[PDB]
Every structure is written in structure tokens, then in C-alpha cells.
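What follows is a single structure, written as C-alpha cells, with notes after it.
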Amino acid sequence: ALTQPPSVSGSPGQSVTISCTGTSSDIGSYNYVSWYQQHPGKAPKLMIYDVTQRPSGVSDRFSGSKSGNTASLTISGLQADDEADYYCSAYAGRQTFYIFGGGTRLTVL
Amino acid sequence: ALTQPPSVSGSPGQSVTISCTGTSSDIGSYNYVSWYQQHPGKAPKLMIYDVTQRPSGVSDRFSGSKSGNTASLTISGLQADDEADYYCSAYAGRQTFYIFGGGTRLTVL
Amino acid sequence: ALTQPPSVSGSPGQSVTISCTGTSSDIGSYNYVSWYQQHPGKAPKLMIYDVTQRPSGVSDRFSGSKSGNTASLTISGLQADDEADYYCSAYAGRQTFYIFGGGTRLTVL
Amino acid sequence: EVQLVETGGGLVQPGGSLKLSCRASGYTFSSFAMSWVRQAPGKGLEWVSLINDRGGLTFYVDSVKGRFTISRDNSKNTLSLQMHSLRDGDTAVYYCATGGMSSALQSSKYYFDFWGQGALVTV
Amino acid sequence: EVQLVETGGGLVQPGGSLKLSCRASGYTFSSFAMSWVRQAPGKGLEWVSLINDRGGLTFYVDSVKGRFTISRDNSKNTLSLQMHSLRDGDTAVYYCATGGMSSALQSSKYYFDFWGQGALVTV
Amino acid sequence: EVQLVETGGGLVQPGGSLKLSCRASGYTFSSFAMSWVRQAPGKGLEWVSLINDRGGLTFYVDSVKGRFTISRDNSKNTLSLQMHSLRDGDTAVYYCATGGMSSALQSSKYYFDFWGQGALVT
Amino acid sequence: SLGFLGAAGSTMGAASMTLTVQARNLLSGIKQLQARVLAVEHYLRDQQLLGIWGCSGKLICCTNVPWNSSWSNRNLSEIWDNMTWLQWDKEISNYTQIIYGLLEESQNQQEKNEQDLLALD
Amino acid sequence: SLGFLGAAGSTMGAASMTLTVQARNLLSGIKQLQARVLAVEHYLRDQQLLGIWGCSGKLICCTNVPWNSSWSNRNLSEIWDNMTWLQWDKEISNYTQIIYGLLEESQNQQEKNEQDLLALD
Amino acid sequence: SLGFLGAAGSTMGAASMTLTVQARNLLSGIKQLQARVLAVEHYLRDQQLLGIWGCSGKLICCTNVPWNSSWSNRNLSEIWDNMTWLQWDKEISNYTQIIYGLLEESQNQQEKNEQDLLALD
Ligand SMILES: *[C@@H]1O[C@H](CO)[C@@H](O)[C@H](O)[C@H]1NC(C)=O
Ligand SMILES: *[C@@H]1O[C@H](CO)[C@@H](O)[C@H](O)[C@H]1NC(C)=O
Ligand SMILES: *[C@@H]1O[C@H](CO)[C@@H](O)[C@H](O)[C@H]1NC(C)=O
Ligand SMILES: *[C@@H]1O[C@H](CO)[C@@H](O)[C@H](O)[C@H]1NC(C)=O
Ligand SMILES: *[C@@H]1O[C@H](CO)[C@@H](O)[C@H](O)[C@H]1NC(C)=O
Ligand SMILES: *[C@@H]1O[C@H](CO)[C@@H](O)[C@H](O)[C@H]1NC(C)=O
Ligand SMILES: *[C@@H]1O[C@H](CO)[C@@H](O)[C@H](O)[C@H]1NC(C)=O
Ligand SMILES: *[C@@H]1O[C@H](CO)[C@@H](O)[C@H](O)[C@H]1NC(C)=O
Ligand SMILES: *[C@@H]1O[C@H](CO)[C@@H](O)[C@H](O)[C@H]1NC(C)=O
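Those protein sequences? They're chains N, D, I, M, C, G, B, K and F, same order as listed.
Under the authors' numbering, residues 3 to 9, 11 to 27, 27A to 27C, 28 to 95, 95A to 95B, 96 to 106, 106A are what the first sequence spells out, in order.
Under the authors' numbering, residues 3 to 9, 11 to 27, 27A to 27C, 28 to 95, 95A to 95B, 96 to 106, 106A are what the second sequence spells out, in order.
Under the authors' numbering, residues 3 to 9, 11 to 27, 27A to 27C, 28 to 95, 95A to 95B, 96 to 106, 106A are what the third sequence spells out, in order.
Under the authors' numbering, residues 1 to 52, 52A, 53 to 82, 82A to 82C, 83 to 100, 100A to 100H, 101 to 111 are what the fourth sequence spells out, in order.
Under the authors' numbering, residues 1 to 52, 52A, 53 to 82, 82A to 82C, 83 to 100, 100A to 100H, 101 to 111 are what the fifth sequence spells out, in order.
Under the authors' numbering, residues 1 to 52, 52A, 53 to 82, 82A to 82C, 83 to 100, 100A to 100H, 101 to 110 are what the sixth sequence spells out, in order.
Under the authors' numbering, residues 519 to 546, 572 to 664 are what the seventh sequence spells out, in order.
Under the authors' numbering, residues 519 to 546, 572 to 664 are what the eighth sequence spells out, in order.
Under the authors' numbering, residues 519 to 546, 572 to 664 are what the ninth sequence spells out, in order.
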């Protein structure tokens, strides 16, 4: 599994970064790190796909990047409707296809 | 190895069943569970091959079955000559070919 | 790593044997062993390659052999200029190419 | 416009066998690879199984490699997962998702682009 | 009608090399695959090695994979097992048997239909 | 007559990436396979990586397999080792050595016949 | 060796040991050229057929098409030990094209499946 | 099935599913002989070329030569879903020999690499 | 590139790098038709021979037949660096058919052995 902060928080309008850290055999070697937003009671929604691409329909406030073996997602201009459980995932290879990290509870102050 | 009862018993004429329990990659996947009768001091004799087949020359009183990961041999009409050490074995695959269980001592009361 | 004595010693003119012990998967199966002479402060020089071969330029005093899983170096006619750390090595396979032992300090008495 | 609906029961017992059948619409079913992922009630997401667009190739996480079968019927637009043994540790919400792989002549995926609502399965 | 006779040494010190040769009669030797099965005096049966009918393919139990060689001479109807290292744990009665495999064009085996008398090898 | 001369720095911070190179002369460069072997100051010799004569095939010990890249350029007669991660157990004198493999049209090697002087990396 | 077709009267199993002999004898004004060209066209059509099935370099090639019983319900002993290839040919003639069609379909699926697996990083 | 060349107007992706149909149709008084021989020569030259690349037994053969973009800057959907093979052949004609040359070099290196790997005891 | 047969005077090692040059040039009114048909028959006989040995898709085919020394007692440097292929062909002429026979036998065992390995569940 990938290492993830159990929770993060911030005030509306602030930039909040969630950092997902893996290893060289997964996040490092493969440029396929996706992010998902799961509201309680709902299925996860795709928020980021590829290392830096955003799905159509997702606002420009959601972005991300990768450096070394650490990948991160940043939400600038945080809104009240952003409170959710965020997940990171990455492609690991042919024997192990996908590895998910722990969840991050994002709370809006 | 496969797990078998250390011993079983019954009265003459009684049906006695010896079971052997394995995992899904052993008895479960491959329907090749044979049984052998080893008299003390003698080489094992083949009694059952395949899940339900019996070599010619072996009495109709010896039969068996497979369910899930459990294989069994039922000996009906127990005779005094049936006192022996019984073993089951199964084909496990290409890396490990055959697995034998512990011996079961069948005694006639 | 390979098993090799931490040190050996003898007087000038003495025959000194340095043993090296491995396992069946390396020195036993493969007849690809070698010995190196490393003087302090210098890079190792090749003394023996193959089980019994010697590079051109090496004196006939340096010889060796292999029996089972044990290989050895013998230095006849020991000279003061032979004081050095000796290493054994062997080819292990396609997955692991070379395995070295520890060093043996050869001191001239 | 894409909807995925997981139909199946929600309560079994250890050693049971169950099946979940996910219906899908709003896209060409045969054009996307599909997968199942799970979420334990108190945990995050876990990948369970992946099937190709044609259905010929299947992949499983080691924890279910010898227990689960994933298949798809491209004429009925249905993705089915059949569970066997169903050890208590398999209690989770099982989500049907589209994506995770592509058939060599398509752009790469390596992400799950459409999600259903999730079938809660209790052992 | 089928007989298997095992001839070989009964005592070897540790690290020794020994040979056991099982000669067969009463059936066509070259038509059956054969194997060796070991039984320590206080243990049950353990499979040790398997050889094809032609002798081209050999398989071993992991415990002996780097130390035992199985071969057969189809003109003399003799199956031989050459043991090396012969570590203490290899003290047992060894049996030769037919079966355990078939050459693709034959019905399957995966059982040992004929057993010899065996030979006790003390390490 | 045969000389192998290692070039590169000897001190890098942990998590840094360093590159070593080796120039060679006195033989046909393209005819021999080469490798890097390392020795911690207080330890014996350890093989690190091997490259073929043509440079198309590389082999590494598992402990460095995902962090080191070995390459060669047969026109400049140079063999280079690029290290990444550079975790501490990797402090050693790194020796440039010729041998360890052959082209299948040459006699067997499986020994290192020429050694350089070694670049000490802390 | 019994030579070309020497195993024709032998059982299917025994005759499998002579597959290379017949293969060699498939290659080794107008009338002579037509006979030579015809031999070449027949050889190549058979090799193309093996290629489509993924058997281009084999004399014995195992496939993933199951036997459907209707084609022949004989067991392995009857087919390989008690029959010749001529008898089998006659017995299986009415199903040869069906089998060939299935073999083509099987290879096509495998090629696509292989292509997809090689696309996984 | 659409028959021989029935996929010619289909997309490259869809058309890739009918390769065996055309494959069968490359093989199946002086003029008749000469044309039969010519058909054989063209078939063999293409099969020989595939053999040079290590593709002798496959209709869909993956290689280790990267696409250089200059040859075609289209995306995968633009090529496989929005184009026919006729359009591609016209678009890529000027680079066909370049690609073939690279394929030859790649296989040559691969054979040496295999030869060396098989020489490690 | 040295061109067709340009490596003929080079050492066997160096010459092994130009195998595709001669391979391409093996394929590239009665008299015209007889000669081109003959070229096809020779090509196919060599390809069939490689096929029997399991070398149908390779130019450098590494097999499992040991060298018996009597055929030639030269070491690898004496053969690959100090000789051309013409000299080797002259030296090994009397053993060519022996080697070919052994190659056939070796492949036959491998195919049968593979058939048995694929019969283990
Ligand atoms: C012909 O059949 C007989 C029956 O005994 C058998 O012995 C013989 O080998 C067969 N001939 C060939 C060429 O296989
Ligand atoms: C076997 O043949 C029958 C007709 O005899 C057909 O209905 C059936 O689908 C076939 N089965 C398979 C698995 O090909
Ligand atoms: C093949 O079909 C013909 C049609 O007349 C029939 O006579 C013959 O018996 C069939 N053969 C088999 C083996 O079913
Ligand atoms: C021709 O193009 C149309 C466009 O809709 C498509 O439906 C049809 O399948 C195409 N024909 C072929 C033979 O692919
Ligand atoms: C692509 O082709 C151009 C010439 O059109 C050449 O200069 C360039 O090096 C090629 N790129 C690669 C990566 O081979
Ligand atoms: C190919 O070359 C010709 C030379 O006249 C040129 O007209 C044509 O546009 C070229 N095609 C491509 C696709 O580059
Ligand atoms: C001919 O031999 C000489 C050495 O005498 C060598 O330099 C030259 O390259 C050779 N020519 C070829 C084509 O190999
Ligand atoms: C080598 O060939 C000779 C005949 O020239 C033969 O007697 C000998 O057995 C062969 N050696 C091997 C190992 O096959
Ligand atoms: C082949 O045999 C003939 C028999 O006369 C002999 O003259 C010739 O030298 C032999 N060639 C080789 C290469 O052994």
C-alpha cells in the first residue's frame, strides 16, 4: 500500500496539498498516479488521471504532480463542497496491477 | 503434506471412512486423488486412482469421493484382512508433483 | 558470500594453502572459480582463473584446485612479496553472476 | 450519461458462493476494460479484479487469485464477478468501475474512469 | 504378472554416493513412466522423483533437486537412481513404481499402479 | 601495457546521484565485457554490475538493480556507471574491471583479467 | 527408419516418429514446370495454414481447441494404439474443415490477447 | 465475415480482425505457370521479410523499434479509429523503407543478445 | 554495409553480422521460369531444413547438439577470428550430413518432450 496522511484540513480559499508516497517499483517507475474523491456514502469519483491530467468535468482547482517517489494532489481555492475522503492509486506492474494508499479525510474549516 | 486422521476404527462388517484435507491448489483444483493400502512390512498396493476409479483386482468395497478440498475413502463391509496403513496422495502441479498425507492406521475391533 | 579463512601464515619457502568453501549451486556445479591478490593500497590482480589455469605473467608457485564444493589456492616457495589479502570468487549463475568471499591476510614469518 | 448498476445480494456466510452482476450503459461496453474494487467499511479502496474489453484476459489481486472469477458478456452489457469461499475478511462494498486498462490500439488508461454506486456484501 | 525388483546398497556414511536399480518385468517397460517414492521407518510415504517413459524428462522433489539423478535404460528394463550427498534425512526405504505420468498420447496416470518390494538405505 | 583509469568524484550526500567513468587503453575496447566491482574500506570485494562487449546487455546485483545504470560507448573507449539513491552501504572503492562475460564466439571468461585503481566514493 | 510412408501401416502413435521423413519428400518443359510449381504451391498452402494456426515452425503443434466428441468419440487408446492415420483421416474427414476453422479463430484470439499483454507496462 | 478485402473500407482497428482472410488469398500455358510462380515469389518475399524481423509465425507482430513521430504525428484514436488502411498506406509510404531498415537492425541485435544470453552457464 | 557477399573474405565472426544481406539476395520463356522456380525450390529446401531443426524464424539458431571435436578440433579463436566461412565450409564438408542428421534427431526429441510437458495439468 501507499503511505498517505490520515487527514488534512484548511480554511476556504486556501491551497491544500495531499502527499501520497510510494516506492520505486510503483510511483517512481510508472507515470500512472491517479487520485479519487469519495464523499461519504458515495462511490469514488475520478479527480486526477495520469500524473498531471484532469478529467473533463473537474474544475481547474484540482491539480497534481510527481517528484521522485512522492506524488501529490493540490486543491487551490478550497470550497465548502470539497470535504471528502481522498485516495491515491498507482499502477505497479503485471503481477500487482494497482496499489491504493490509505485515505485522507479532507475537512473544510 | 495432507492431513489425515492418525487412526480410524470400526467393527467387522462396518463401513469406515478415512478423510484427507488439502488446499484449493491441491485436492481442489486437480481431481487426481489416489489411495494406497500398505500392510505393515509390505509395499503399498494401489486401491483407488482418480477420484472415483478403482484398479481391476480391487474389491468393490473400496470406493471414494472428493468434495471441495476434502477427499475420502470409504471401506464398506470391513474385513479382518483390511487392517492396514492407508495413505492418500494427490497431484499438486508441475513445480511439486505429488503430495502424500500422513498414514491412517485402520484396525479391526 | 563464500567461506574463506580470515588469515593464514608461514615462513619464507613454506607451502601455504588458502581454502574457500561455497555451496552446490555455485562452486560445486560451476567450474568457474578464480583467485585475486590484493596488496594493501592496490587494486586486486588476477592470480588464478578457471579451476587450474593461471594468467600469463604469474609465477608457477601459485596453483589451485577444486574438489566437491571446496576450492583452494596453494603458494609454494613463499616469498616476502606475496604478503597480501587474497580473495576467492566464483560464478553462481544467470540470476547471480559472481560471489566473493572475505579476504585472507597472508603474512610472511 | 454513463450509469453502472451492481445487482446482487448483500448477506452470505463463510464458505458461501455469491455472484454480482453489474449492468452498464451510456458508452460502448465492448470498448472499455472493466474492473472490480472493494472498500472495507472502515478502510480505503482495494483493487480486486481486472478484465479486458474482450473478456479473454483476467487478472486478480493475490488475496482472491484462486477464489474469484471475473467475466463479461458484451452483448448484454454485463460485468459479472463470482465469489467462492467468501471468507469473512471479504466483507466490503464492491464497486464496479470502467477503466484500468486498454487493448494496445487505444490510448492508455491505468485509471478507473467511471464508477457505479457499490454493492455492500456482508459475510 | 508384473514384478519390480530393487537391488542396491543398504548402508552409506553421510556424504556418500549410492545407486539403486529397479528391474521390471511382466509389462512393456518403455510404455510406462516410473518414479521413486521414499518412506522413512517412522514416517509415511514421500514422493522423491519421476522419470518419463523415454527418459528425456526428469522431475525431483525440492528436497533432493540438486543431489539425486534419475535415469532409465529401456533395453535392459532397468530404472536407476544415483544419490549424492545422502544427508541423514534420506535414511528410508525407497520404492520404485510405475505410473505418475503419461506421454500425452496415453491416458493420464497421476497414480502409482505397480510397486516393488523396496530397499532400505541407511545413511 | 593495459590501463584502466577511473574518473569521478568521491563524496556525495545521501539521496544524491553520482556518475563514475572509466577510460581504457592497451587492448581493443569493443572485444571485452566489463564490470564494476566495489570494496567497502573494511570489507572484501563485491561485484556490482556487468555490461556486455556491445553494451546491449546489463546485469546488476539485486541490492542495486533498481538504482544503478551501467553503460559503455565503444567509440570513445569509455565505460560509465551512473548511481542513483546512493544509500550509505554504497560507500566503497569502485573498481573498473575487464572480463566476466563473453560474446559466445569467444572462450569463456567468468574472471576479471584487468583492474583499474578504483574511485573511492563516500 | 522405414523411409517415406514406411509408417503408413503403423499405428498413429508409432507413425508420429516419422513426421520428418514425409516432410522432406514434399519438396525433393511445361509439364515438368507445372509439376514442380504445383508441388511448391501445395507445400506453401500447407505452411501458410500452419502459420495461421500459429504452428509455422512445428511438426507437432498443440492448440487450445477442445475436442468436441462428435468429431470422434474414440478414447486415446483406440485412436493412438489401435488405428492408423489412414483410418483416422477417413473417420475425421467430415469434420476437418470445422476443426480448421476453429484453429484459425483460436490463434486470432491469442494474437490479440498477446498484443494486449505486451501493452501492459 | 465480410470476405476478401471486405474490411478495406473499415477502420484500421476493425480491419485488423480480418488478416487471415487476405492471408489465405495471397496463394489461393506459359502465362499460367509464370503468374503462379510470380504469386509464389511475392508471397515468399513478404514471408522472408517477416522472417528477417522475427515475425515469421505471426500475422500481428510487435517490435522493439519506437515510433519516431515524424513518420506520423496522429494519435492512436486518429489512426486506429478514424482511418482506413488505404489512407495509412498513402500517409506512411515515404517512410516505409526507413521503418523496414530499422526493423532489420533491431532483429539483428536481438539475435546477438539471445546468443549471448544462452552462453551464460 | 559491405554489400552482397562482401563479408566472404572477412572472418566468420565479422561475417556473422551480414547474414541479412545474403538472405535478402536469395530471392531478389521456359529458361526464365525454370531458373526462378529453381531459386524458389532451393530457398524452400533450406527453409524446410531449418524448420525441421526448429530454426524456422531465426538466422542465428542456437541448438542443443554438442560439438563432437572430431568434426573440427580448432578452438573458438582459431575458428571465429582466424578463418573465413569458405575455409570452414571446406574443412567441415565431410561432416555436414552427420551434423544435419543429429540436428533433426535433437529437434524431434524436443518436440516430443514439449508435447509431454504440456500434458501435465
Ligand atoms: C504391422 O502390424 C504388425 C502386427 O503385429 C506389427 O508388428 C508391425 O510393426 C506393423 N508394421 C509396421 C511397419 O509398423
Ligand atoms: C459440438 O458439436 C455440436 C454438434 O454436434 C454442437 O452443437 C456443439 O456446439 C459443439 N460444441 C463445441 C464445444 O464446439
Ligand atoms: C461424411 O458424409 C458422407 C455424406 O454422404 C457420409 O456418407 C459419411 O459417412 C460421412 N462420414 C463420417 C465419418 O461421418
Ligand atoms: C462504413 O462506414 C460506416 C459509417 O457509419 C460504418 O457503419 C460501416 O460499418 C463501414 N463499413 C465497413 C465495411 O466497415
Ligand atoms: C526521426 O527522424 C529524423 C529524420 O526525419 C531524425 O533526424 C531523428 O533522429 C529521428 N529520431 C529518432 C528518435 O530516431
Ligand atoms: C513523399 O515524397 C513526395 C516526393 O514528391 C512528396 O510529394 C510527398 O508529399 C511525400 N509524402 C509524404 C507523406 O511525406
Ligand atoms: C581483409 O583482411 C584484412 C587484414 O589482412 C582486414 O583488415 C580487412 O578488413 C579484411 N577485409 C574484410 C572485407 O573483412
Ligand atoms: C564422434 O564421432 C565418432 C565418429 O567419427 C563417433 O565414434 C563418436 O562416438 C562421436 N562422439 C560422440 C560424443 O558422439
Ligand atoms: C573427405 O574425405 C575425402 C575422402 O577421400 C578426403 O580426401 C578429404 O580430405 C576429406 N575432407 C575432410 C575435410 O576431412
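Backbone N, C-alpha and C define an ideal beta-carbon position, used for all residues, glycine too.
- Going by DSSP, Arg579/K is part of the alpha helix (DSSP H) stretching over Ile573 to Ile595.
- Against chain B, a Cβ distance below 9 Å from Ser100C/C picks out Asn618, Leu619 and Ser620.
- In this structure, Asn607/F has its beta carbon at no less than 7 Å from each heavy atom of ligand 8.
- Listed along the chain, the chain C residues whose CB falls inside 9 Å of the CB of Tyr86/D amount to none; the nearest CB is some 10 Å away.
- Within the DSSP secondary-structure output, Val33/N pairs in a beta bridge with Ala90/N.
- Here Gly68/N is exposed, its C-beta having fewer than 16 other C-beta atoms within 10 Å.
- The C-beta of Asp659/K comes no closer than 8 Å to any C-beta of chain I.
- Where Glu621/F is concerned, the enclosing alpha helix (DSSP H) starts and stops at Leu619 to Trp623.
- Looking only at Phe32/C, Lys64/C, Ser31/C and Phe29/C, the smallest Cα-Cα distance to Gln81/C is reached by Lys64/C.
- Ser615/B has its Cβ no nearer than 7 Å to any heavy atom of ligand 2.
- Taking 8 Å as the cut-off, the Cβ atoms of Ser17/G and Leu82C/G count as close.
- Judged by pairs of C-beta atoms under 8 Å, the stretch 33–44 of chain C does not touch the stretch 33–52 of chain M, as fewer than three such pairs exist.
- Rounded to the nearest whole angstrom, the C-alpha separation of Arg71/G and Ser31/M is 44 Å.
- Using beta-carbon distances, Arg53/M counts as an interface residue toward chain B, with a partner under 8 Å.
- Near ligand 6, residues with a Cβ at less than 7 Å from any of the ligand's heavy atoms are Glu634/K, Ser636/K and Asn637/K; the list follows chain order.
- In this structure, the beta-carbon distance from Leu4/N to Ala84/N does not fall below 8 Å.
- Here DSSP, grouped into helix, strand and coil, assigns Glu1/C to coil.
- Distance from the CA atom of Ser18/N to the CA atom of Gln658/B, rounded to whole angstroms, is 43 Å.
- Excluding five sequence positions before and after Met97/M, the CB atoms of its chain that fall closer than 7 Å to its own CB belong to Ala33, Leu50, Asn52 and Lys100E, given in chain order.
- For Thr110/C, the closest C-alpha among the options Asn73/C, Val12/C and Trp47/C is that of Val12/C.
- Distance from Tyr36/D to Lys45/D at the Cβ level is roughly 6 Å; contact confirmed, criterion being Cβ atoms closer than 8 Å.
- By the neighbour-count criterion, in which a residue is buried when 16 or more other Cβ atoms sit within 10 angstroms of its Cβ, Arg579/B is buried.
- Any Cβ of chain N closer than 8 Å to the Cβ of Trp36/M would place that residue at the interface, and such an atom is absent.
- About 6 Å separates the beta carbon of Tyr87/I from that of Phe98/I, a gap short enough to meet the 8 Å contact definition.
- By the C-beta density criterion, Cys605/B is exposed, having fewer than 16 other C-beta atoms within 10 angstroms.
- At least one CB of chain M lies nearer than 8 Å to the CB of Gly531/K.
- In the three-state scheme derived from DSSP, where H, G and I count as helix and E and B as strand, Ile642/F is classed as helix.
- When only Cα atoms are considered, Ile21/N and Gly42/M end up about 20 Å apart.
- Any Cβ of chain B closer than 8 Å to the Cβ of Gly600/K would place that residue at the interface, and such an atom is present.
- At a cut-off of 8 Å between C-beta atoms, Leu56/M counts as an interface residue with respect to chain B.
- Below the 9 Å Cβ cutoff, chain I contributes no neighbours of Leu592/K, its closest Cβ being approximately 33 Å away.
- For the C-beta of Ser546/K, the chain B residues within less than 7 Å are, from N- to C-terminus, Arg588.
- Secondary structure of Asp52A/C (DSSP, three-state): coil.
- One alpha carbon belongs to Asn625/K, the other to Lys633/K, and they sit about 15 Å apart.
- By the rule that beta-carbons nearer than 8 Å mark a contact, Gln650/K does not touch chain G.
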